[PDB]
């Protein structure tokens, strides 16, 4: 039983053993959540009227990797969107012969309930060139839809960079893709040099895009890109990268390697809430890729006096009062 509520009060972790949390608040009174499962082998979906309710909602496996061929490798970081009356899931997948040969793919469901509904594959979402491609998100602004994602440029020594492009329908991009972020500070390079997990927040006349950098261990952290929402978002000079991490490990709250966030709101739409993953310990045994204990958690997004986002530090486990309406 998930009863609705206008206050947002959560117990972290909200969902254990789920990395890359994506939470979308729909017009039907429900939060929808997708994420990476530790086996990297399926797409699970759950819904709840409240954020905290996600801890007890029954998850459904809606899609499983192919026995062989494309979409037969790793299954990473799906995001469920609602666009033009239809559900879409953007996710990254490798092949059976190379689990790590990752491209973008899209699913679509026309039924109103996406848990019970019928899901249909729509194939790969190609970009300007074939390479390591992952973590596509989409947003709309001033009547134009965009794709923001991470991709390997063979001419650049980084696992991936952040790209933007205009879209032509929810299933394709158009034009040239534009690089708006590449690893350049040392905090983007501990372990491996990486920018990935772009996430879009629109507020205060600006478009904010957080991203994650460094390896997926305790060194994982987040940086910020900002642009004015009246600029040319395909112009790389529209995007300013904050020089320092905007979110990182905090040993005093016991939260390590936080990142790959998404953004949602309270039910009334008035506060912004960041949903992300972190571990509650520092040292990892084996390859960090198969440590399954990145846990999904949430905390409020605060706002500086000047209107830039204040992400603060990962809150300690336990209860967290995010929002009580005045």
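Numbering follows the first chain given and starts at 1.
> Compare the mean C-alpha B-factor of 103-111 with that of 136-144 as given in the PDB entry, and name the stretch with the higher value.
The stretch with the larger mean CA B-factor is 136-144.
> When the C-alpha temperature factors are averaged for each of 28-36 and 285-293, which stretch ends up with the higher value in the entry?
The entry gives the higher C-alpha B-factor average to 285-293.
> Among 210, 124, 244, 92, which residue carries the highest C-alpha B-factor recorded in the PDB entry?
Among 210, 124, 244, 92, the highest C-alpha B-factor in the entry belongs to 244.
> Tell me, please, which of 187, 256, 82, 76 has the highest C-alpha B factor according to the deposited entry?
Comparing C-alpha B-factors across 187, 256, 82, 76, the maximum falls on 187.
> Please say which third, lowest, middle or highest, residue 270 falls into when its CA temperature factor is compared across its chain.
Residue 270: CA B-factor falls in the highest third of its chain.
> Relative to the other modelled residues of the same chain, rank the CA B-factor of residue 199 and answer lowest, middle or highest third.
Lowest third of the chain for residue 199's C-alpha B-factor.
> Within this chain's modelled residues, let me know which third the CA B factor of residue 61 belongs to: lowest, middle or highest.
Answer is middle: the recorded C-alpha B-factor places it there.
> Against its chain's modelled residues, does residue 239's Cα B factor rank lowest, middle or highest third?
Highest third, going by the recorded CA B-factors of the chain.
> Among all modelled residues of this chain, ranked by Cα B factor, put residue 15 in the bottom, middle or top third, i.e. lowest, middle or highest.
Lowest third - that is where residue 15 ends up once the chain's C-alpha B-factors are sorted.
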